[PDB]
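Okay, structure first, notes after.
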Amino acid sequence: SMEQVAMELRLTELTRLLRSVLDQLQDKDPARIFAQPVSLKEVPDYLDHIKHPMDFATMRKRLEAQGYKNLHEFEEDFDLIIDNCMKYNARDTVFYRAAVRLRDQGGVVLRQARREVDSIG
């Protein structure tokens, strides 16, 4: 149908916007601490601690399959990156600290993304 097409154009444009959001958030991680899945070879117990692992490469795979229906879904995944780290790693670690800085800096990008998603529909 023409409606299904219109819908798919909206999803494609959301994907366009979320791809830009993703690039902006990932720039706030210049150390690349969150770029890839935590290695289960290198942290073999990880899944005993963290039930839903997340990372920026995993988000990008989902993004490129148009797997985020709305900004809320995307933000859920971003928040998992941060919250997983802040639980697994102690407060005094470079990892925890990287997550705090990512959360704080990402807030700004996400605040305007939400306005853009609502604004453009």
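Limited to the stretch 1-30, what total is found for residues that are surrounded by 13 or more Cβ atoms within 10 Å (Cβ to Cβ) and either part of a loop (DSSP other than H, G, I, E, B) or of a type in the set (K, R) (or both)?
Total meeting the criteria: 3.
From the set of residues in the stretch 47-68 that are surrounded by 15 or more Cβ atoms within 10 Å (Cβ to Cβ), among the aliphatic types (A, V, I, L, M) and in contact with a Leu (Cβ under 8 Å, 6 or more places away or on another chain), which is nearest to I82 (Cα to Cα)?
So the residue we want is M54.
Exactly one condition in (1) under 19 Å from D27 (Cβ atoms); (2) out of contact with any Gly (no Cβ under 7 Å at 6 or more places or on another chain); (3) of a type outside the set (D, E) is not met by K87; state its number.
Tallying (1) under 19 Å from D27 (Cβ atoms); (2) out of contact with any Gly (no Cβ under 7 Å at 6 or more places or on another chain); (3) of a type outside the set (D, E), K87 fails exactly one: (1).
Within the stretch 25-64, which residues are more than 17 Å from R103 (Cα to Cα), of a type in the set (G, A, S) and in contact with a helix residue (DSSP H, G or I) (Cβ under 9 Å, 6 or more places away or on another chain)?
Passing the criteria: only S39.
Which pairs have Cβ atoms under 6 Å, sit 6 or more apart or on different chains, and link a residue in the stretch 90-109 that is assigned to a helix (DSSP H, G or I) to one that is polar (S, T, N, Q)?
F95/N89; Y96/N89; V109/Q24
Within the stretch 41-58, which residues are of a type in the set (A, V, I, L, M, F, W, C), touching a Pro at 6+ places or on another chain (Cβ under 9 Å) and in a loop (DSSP other than H, G, I, E, B)?
Result: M54, single match.
Return only the number of the condition from (1) in contact (Cβ under 8 Å) with a residue 60 or more places away in the chain; (2) under 16 Å from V21 (Cα atoms) that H72 does not satisfy.
Every condition holds for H72 apart from (1).
Checking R101 against (1) touching a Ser or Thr at 6+ places or on another chain (Cβ under 9 Å); (2) of a type in the set (D, E, K, R); (3) surrounded by 13 or more Cβ atoms within 10 Å (Cβ to Cβ), which single condition isn't satisfied?
(1)
Without any contact (Cβ under 8 Å) to a residue 24 or more places away in the chain and in a helix (DSSP H, G or I): is that true of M86 in this structure?
Yes: the conditions hold for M86.
For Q36, are the conditions met, namely being out of contact with any strand residue (DSSP E or B) (no Cβ under 6 Å at 6 or more places or on another chain), outside any helix (DSSP H, G or I) and more than 30 Å from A90 (Cα to Cα)? Explain how you work it out, then say what you get.
Details: out of contact with any strand residue (DSSP E or B) (no Cβ under 6 Å at 6 or more places or on another chain): yes; outside any helix (DSSP H, G or I): yes; more than 30 Å from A90 (Cα to Cα): no.
Taking the combined requirement at face value, the residue does not satisfy it.
Cβ-Cβ under 8 Å, sequence separation 6+ or interchain: first residue in the stretch 1-25 and more than 15 Å from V109 (Cβ to Cβ) and without any contact (Cβ under 8 Å) to a residue 60 or more places away in the chain, partner of a type in the set (S, T, N, Q) and outside any helix (DSSP H, G or I). Which pairs?
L11/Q66; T12/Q66; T15/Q66
Every residue, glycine among them, receives a Cβ derived from its backbone with ideal geometry; neighbour counts consider all protein chains shown. Quick note: the coordinates plus some simple rules give every number you see, no bench work behind them.
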